[PDB]
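First structure 1, then structure 2: two forms of the same chain, each alone, as structure tokens.
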Structure 1
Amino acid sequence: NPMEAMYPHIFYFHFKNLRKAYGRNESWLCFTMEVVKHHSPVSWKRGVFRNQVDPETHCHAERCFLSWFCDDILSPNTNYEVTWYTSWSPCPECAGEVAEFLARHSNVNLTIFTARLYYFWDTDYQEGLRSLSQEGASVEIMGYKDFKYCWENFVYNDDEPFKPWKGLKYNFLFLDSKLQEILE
């Protein structure tokens, strides 16, 4: 953690965008990061975080990203454009922290593409997402193009083509409309 890639079956299993997702008990989070140091060309980082429950380093993937980012990456004077591609939308605790962080470090911008909405009808969860939309962060649902990109960048794909599951696009529309509605 951060790993450079997922296995194929972990990707197809954990990023499938069904409404009833049994039992994806982990969250996975791919990221790209455009590091804009100030008198230098742009550089890029790329990775994958899984949530942790070992000994005493419990973190949802979001916290691990943030702990890794602060401890090892955040630097004087440089700007950052982060993108996440996340299996599940964030719990409201995680969304809480992230929104703090953004408001506090305004040199960082954050886009979050999410494959699935955890409990989209519940307001504690809708709250998290509204909070993040407020502190700057874009929140989108992953569509076909985003799945293809993560396949091509975060998986040991053996150079094979992405193989979309049936229903991928339908699931995207259903979840998009739910997002639009939640973010009034």
Structure 2
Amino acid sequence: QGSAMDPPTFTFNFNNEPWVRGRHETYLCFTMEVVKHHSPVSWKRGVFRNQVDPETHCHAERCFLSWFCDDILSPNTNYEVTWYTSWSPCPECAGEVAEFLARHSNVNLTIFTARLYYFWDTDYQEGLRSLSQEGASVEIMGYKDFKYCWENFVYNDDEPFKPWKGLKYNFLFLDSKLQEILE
């Protein structure tokens, strides 16, 4: 589960301009409601933070899966889990994930992402492709969701969310490209 992020670390890593430059980390946020015989018994949620440069799988998406398996995934359960990530995933992790999913119906996942990482690369595209196609919701994190993250996952000091400019357009464009990839 880790720690929440100070406001700087958040607004910086969650800034949604498609070509932002200097974001050497994927910040992965999540809410998860555990659900045993249909009654949600508990809710746990958190923030994993690591690098995005390809050295194998010390990728945020994997440190997630390792933790999920160590301290959770009980035998007979159903999980509800969703992700607020700063960068979309690499394609290799998009693999290990989509796979773990096809291999566990008792996990339902949905992905909200500030940015599409390398959205123009046939290979990254095909990753997103197999996540959508294999039972995961995948969409571009917009206003609703940003505010959501400002309150939940950040040491905000009970202060209010202040949007950055273009956030509305930045969203609009990323979603155009995304519905494009999947079309």
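Here the rigid core means the biggest group of C-alpha atoms that line up within 1.5 Å when the two forms are laid on top of each other. Residue numbering: sequential along structure 1, first residue numbered 1.
> Upon rigid core superposition, which of the listed residues (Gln126, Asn157, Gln52, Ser133) is displaced by 2 angstroms or more at its Cα between structure 1 and structure 2?
Replying inline: Comparing both forms, the shifted residue turns out to be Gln52.
>> Following rigid core alignment, is the displacement of the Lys145 C-alpha between structure 1 and structure 2 equal to or greater than 2 angstroms?
In response: After core superposition, the C-alpha of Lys145 moves less than 2 Å between structure 1 and structure 2.
> With both forms put on the same core, how far apart in Å are the CA positions of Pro41 between structure 1 and structure 2?
Replying inline: With the cores aligned, its C-alpha sits 3.9 Å away.
> By how many angstrom is the Cα of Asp71 displaced between structure 1 and structure 2 when the rigid core is overlaid?
Replying inline: Here the C-alpha difference is 1.1 Å.
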